[PDB]
Amino acid sequence: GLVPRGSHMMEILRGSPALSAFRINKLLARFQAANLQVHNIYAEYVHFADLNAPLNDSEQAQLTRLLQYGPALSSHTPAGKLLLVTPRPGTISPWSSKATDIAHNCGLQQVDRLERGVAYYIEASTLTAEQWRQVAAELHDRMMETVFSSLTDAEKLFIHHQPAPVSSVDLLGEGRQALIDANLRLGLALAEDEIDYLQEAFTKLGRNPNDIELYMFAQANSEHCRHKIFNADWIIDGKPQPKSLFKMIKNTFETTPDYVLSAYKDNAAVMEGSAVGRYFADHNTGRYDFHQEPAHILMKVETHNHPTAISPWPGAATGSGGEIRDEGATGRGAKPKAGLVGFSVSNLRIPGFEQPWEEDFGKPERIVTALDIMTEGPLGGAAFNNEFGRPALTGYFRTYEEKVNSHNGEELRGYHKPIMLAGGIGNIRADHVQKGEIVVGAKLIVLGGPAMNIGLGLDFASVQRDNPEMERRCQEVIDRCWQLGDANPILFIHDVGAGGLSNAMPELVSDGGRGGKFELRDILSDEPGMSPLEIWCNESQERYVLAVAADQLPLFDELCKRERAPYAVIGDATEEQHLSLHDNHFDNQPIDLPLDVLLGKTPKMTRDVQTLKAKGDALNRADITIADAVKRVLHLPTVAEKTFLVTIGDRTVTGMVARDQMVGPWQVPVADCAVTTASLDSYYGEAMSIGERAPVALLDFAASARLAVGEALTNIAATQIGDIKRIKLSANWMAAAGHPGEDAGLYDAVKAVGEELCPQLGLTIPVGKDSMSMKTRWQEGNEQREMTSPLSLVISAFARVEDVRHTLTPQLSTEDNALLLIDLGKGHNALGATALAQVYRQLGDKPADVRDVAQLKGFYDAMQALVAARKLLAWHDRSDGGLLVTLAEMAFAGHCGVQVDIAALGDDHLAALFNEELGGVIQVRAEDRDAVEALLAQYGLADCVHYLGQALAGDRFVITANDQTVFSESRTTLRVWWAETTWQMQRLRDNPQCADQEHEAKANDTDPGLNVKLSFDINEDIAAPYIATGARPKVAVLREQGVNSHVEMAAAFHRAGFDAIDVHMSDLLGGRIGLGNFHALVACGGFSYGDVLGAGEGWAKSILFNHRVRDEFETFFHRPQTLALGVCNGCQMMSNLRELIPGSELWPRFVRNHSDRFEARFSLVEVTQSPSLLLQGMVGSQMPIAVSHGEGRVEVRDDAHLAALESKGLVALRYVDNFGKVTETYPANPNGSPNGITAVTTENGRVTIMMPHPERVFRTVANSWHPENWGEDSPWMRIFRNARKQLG
Ligand SMILES: Nc1ncnc2c1ncn2[C@@H]1O[C@H](COP(=O)(O)OP(=O)(O)O)[C@@H](O)[C@H]1O
Ligand SMILES: [Mg+2]
Ligand SMILES: [Mg+2]
Ligand SMILES: [Mg+2]
């Protein structure tokens, strides 16, 4: 298929079937439910190639081959009515960016652009034109796609448009009205006093402003960018206040500067870390080595609330992506290392699973539902973290939507505009913390993606776009820069976010005390139609701005080319504090302004407001029983199991993850905080926790803020930190500013933490952000409706960790034990604004609060003493759902029972069980009870401490008060109820057979959990005699663009005695490396090309289609003694390279998981008998391994191929269930692979490929669960030692 398309030609190539049978059945069921008689539907991918020159036969065959990927679903002959769904004209999918990159890296420069659609063939002969429109509506996303009736209509996607010129606004010819008109036309949202300021500035300059100048100004002066509310003066109840909100936050730093290296002068804060071996490849040698130095710790938390209400996948994705850029742009360049995630939404109202507190109150047409946010949003956030490669290790998820009698009387309070929160930690070198100086003449660079018309102005302008692989490429350049140490050529770096370059470039010169002169036509653009305003102001993603000295440009160019990171020099820093943007195409100057004019401020805001305070109503208990309350509370999403948010996201990339959300042998997501190691050679590390309690703010603003700080501390407390001054906070404030009562409430809550609680505890808040229009208004029938959030403070706590090995979790032991409650509520047992109240549609009277500051500190210090002395068996703090939920979660994690007496906790059993006061349950050895009680007493806590009882083997969850049974249930029954939410979410989002299998396994109490059988001594270093010689063979640690798991791969080989060499595919292509110098090769994990065109396919085909590099690989694999390993993405790659690999004829392909979802699991495997030299000595072992993949499902051609592979004896690993049997049941087998197959070898055993990641778990400390008696080495270390010994 191939036709004229302007000065280019467009080719049409049919792809493979696009939807599996469950997805097809879902569509048919949706049509049936809407009364559309659709007899059948079939979907095929179709590819469009815009060509600038022709393809010869050989090139055409290459292109056709590149576009063969994906699971081998059965093709159907087209039949019925064609509906073709594509991206909207004027947009370029991320798919297109990455597929085009692959074509170019395969030598197809004739390809100008590849794009993809889905051709739907619908047989429904009896449908009206009206009903056809409804069909079309079901098949596409109106915010990013369109529907066409012919394949040839895809030509519209590639139309070339001539550059649009700059437009002036005619102030001199029309007066002020020109500015008023432009304000409305351009959507500038300017205030009257801003229009005054612009009017005078341009009158003084004696010329008309250009549209681009006004837009730039308007962006820079928004609430989003200027923080007017947080810098305002206040008057409250008639009294002027002494400090802004910002100054009150800064009070915490004035009080507690300890350990802080950077606060309030970058887009992340920095604190002291630990001296450890930072592991990376040297610039000159390419060898990975440990560099003993301080790894300091950066932190940042952001939000993306409004875009996520409009288009949740990209909203969440670019929420993560922007925050990752803030981290990498800290100082003079730094390295992200782990993420966190938060969602607050309205009620889910899951079809067929509606809960008794949920009422449908309507919503605006133009936003999505709470359910669609929680379906697509987490996938988007995860897509970014997975493809960029940072593990996502802690988070929160709250539902809230109720009609309540709050501060402004009876009104709807909720999250129709959601909280979408993304944050994280990173490491940074001491000499890079401070931004450098920008010398006059510095070159000013944009690093990253070509711009498009995104973010300007159905709300299309709020529809974002993410390409995480592009950002990984950029991160690698940043890494190379900071890895040069004193020769780091980055003088200054900053992320590109709101306002695009129009904010970022002025900010970067201005932060250096410089001006800039810029050339518009040097900026990389994928949309030649764009105006200067669009080019300068678009919010295209994956971009950074930086300054480099002119003499370092050749170095910078080398770094970028090797990573394949696009970059452009677009201007020069000037001594004069002026901003100039020239346009070589139109020979004119779109921007010509002094910086003081541009960056000049209208006056400060004054907010004159009054306090409103809600009168609580006592909880009406008419319909409440304890048993009913347990069942309801376990069904509140806020409380309920969070698996659907957890296993979708990588938790092992870097090899530094010590404590992830999933805990114990039954992998129950209840960990109270995240912990990473500082390096691959240390037990020092970092921790992250979150505290939040928004519904409390409907009753008491300051208490909600104090509880958020408190809960962050209780979540983190059983991790070995020491001095509380080591804990640093981000404070993210979400409010509906201007809503009656909220402004005074905001001030009071900031004051409560910044002026009071944080200084009194010794907690700094060195970073934070604010989002101040958290409400939603619409017309619902004949009436105005509004849904307003509670004031919503989210606190994230971050700390350097003294020993990651000493972290406690909620996993109860059944050795002889005591359960003790630390009730920091001091028996107040408040029920206001609890999960209990919410699930009966009420708010209640009085909420929890921090009852006693000294006791909170004493709790923290006492926990630190108990952790360091190793006196705790377990800890779980009390939060949503109260003591009942803390104890239940502990019993789920320990897969056991409890026998608990609550007679000491008051006569009100409901209140004792369901209050959400601060504190929690510690478990200690029985023999240590008296000593632990005495320790707690030393910290002033005796009256808060209560012996509850003990954990016991079995399935009974029993709560007594004297001789009365208060509540008694099967622990399994509770655990399954608690699972029903994630069950239902998985069920609607993923393959329902997998969701059901996962859920139903939880009901089998006989599940023994992950468990280990070892065929060898895991402590025996069989490589030691080799290492002792000092002779270290090289390993080629192979990476392609988008690979992310190479550093820990190198480290694993290093520990086994190799010299690990960084080999990029660019090194092979440029002659800098030749495989003939190596005896061992490893293809590493990640998302090369974002897996576009099938995971590992672009990587492999780039090798196959370059005859030189293809020959190199083939030569390597045909040598008699060479060894090769392919892990995950490398396994996929090597499976696509079979034709070069002897003995690989029976290998399968690796395709989309049967669940249709990314699976980040800690899975049980057995090592099976095969020739594999890398698994020698390990046959019959059974131990868990990190799994992190979406396309790991072994796929054979037919059963003859599966039988042949099996009979040849080439299977080397298989998934087993916890009973130890080979399985295809999910998630024990996470991807649906037949016969549990997840590793294969060649006939000679010299090449092994596997989907799981042994290199992520070679350290015991990095295994989510492991036997207590293991040393530093896990079983998986033996793979790398076997490689060493085999080389001799
Ligand atoms: N949005 C999310 N993304 C990833 N993990 C999450 C998310 N929400 C919760 N989690 C994880 O699920 C577990 C249970 O969460 P939750 O019950 O909210 O924690 P807590 O009550 O201790 O504050 C924790 O390990 C938490 O980090
Ligand atoms: Mg919880
Ligand atoms: Mg907790
Ligand atoms: Mg919480």
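Ligands are counted one by one from 1 in listed order, and the atoms in each one are counted from 1 as well. One is the number of the first residue; the rest follow in order along the sequence. Values reported hereafter were calculated over all heavy atoms of this structure, with side chains retained and with hydrogens, waters and symmetry mates removed.
- With hydrogens left out, the protein atom closest to atom 15 (O) of ligand 1 is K642 CG, 4.0 Å, a heavy atom.
- For ligand 1, the atoms sitting less than 4.0 Å from at least one non-hydrogen atom of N715 are 22 (O), 23 (O), numbered in the order shown with element in parentheses.
- Heavy atoms of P669 approach ligand 1 to within less than 4.0 angstrom.
- Aromatic rings of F892 and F957 (six-membered ring for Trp) have centroids beyond the 6.0 Å cut-off, not under it.
- In terms of polar-atom proximity, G395 is counted as a contact of ligand 1, with an N or O under 3.5 Å from an N or O of the ligand.
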Verify side chain to side chain donor-acceptor pair (under 3.5 Å) between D880 and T638, making sure each step is shown before the conclusion. CA-CA 7 Å; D880 312 289; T638 310; 5.8 Å; no
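- In summary, of the residues considered (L918, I724, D877), a side-chain contact (heavy atoms from CB on, under 4.5 Å) with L713 occurs for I724 alone.
- Polar contact with ligand 1: absent for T638 (N/O pair, distance under 3.5 Å).
- Residues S346 and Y400 have side chains not in contact (no heavy-atom distance under 4.5 Å, counting atoms from C-beta outward).
- Proximity to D672 (heavy-atom distance under 4.0 Å) selects the following atoms of ligand 1: 22 (O).
- Under 3.5 Å, the side chains of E980 and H635 contain a donor-acceptor pair of N or O atoms.
- For ligand 1, the atoms lying closer than 4.0 Å to a non-hydrogen atom of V646 are 5 (N).
- If you check which protein heavy atom lies closest to atom 11 (C) of ligand 1, you get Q661 CG, 3.8 Å.
- Ligand 1 has at least one atom lying under 4.0 Å from a heavy atom of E711.
- Partner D660 forms a salt bridge (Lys or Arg N to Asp or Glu O under 4.0 Å) with one of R1256, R1161, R651 and no other, that one being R651.
- For the pair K1002 and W983, the minimum side-chain heavy-atom distance is 4.5 Å or more.
- A heavy-atom distance below 4.5 Å is not found between the side chains of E402 and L843.
- The contact set between ligand 1 and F343, taken as ligand atoms under 4.0 Å from a residue heavy atom, comprises 1 (N).
- Taking the six-membered ring wherever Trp is involved, the centroid distance between the rings of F1162 and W666 does not fall below 6.0 Å.
- Panel detail: the Mg ion (ligand 3) has protein N, O or S atoms under 2.8 Å away, 3 in number.
- Here the side chains of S730 and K300 are not in contact, with every heavy-atom distance at 4.5 Å or above.
- Looking at heavy atoms from C-beta onward, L856 lies out of side-chain contact with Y860 at the 4.5 angstrom threshold.
- The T394 neighbourhood of ligand 1 comprises atoms 27 (O), with distances under 4.0 Å to a heavy atom of that residue.
- Ranking protein heavy atoms by distance to atom 25 (O) of ligand 1, first place goes to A671 O, 2.7 Å.
- Of the protein's heavy atoms, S879 OG, 3.0 Å lies nearest to atom 21 (O) of ligand 1.
- Here the protein heavy atom with the shortest distance to atom 1 (N) of ligand 1 is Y396 O, 3.1 Å.
- Contact detail for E641 and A979: the closest heavy-atom pair is OE1-CB, 3.2 Å.
- Between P637 and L348, the closest side-chain pair of non-hydrogen atoms falls below 4.5 Å.
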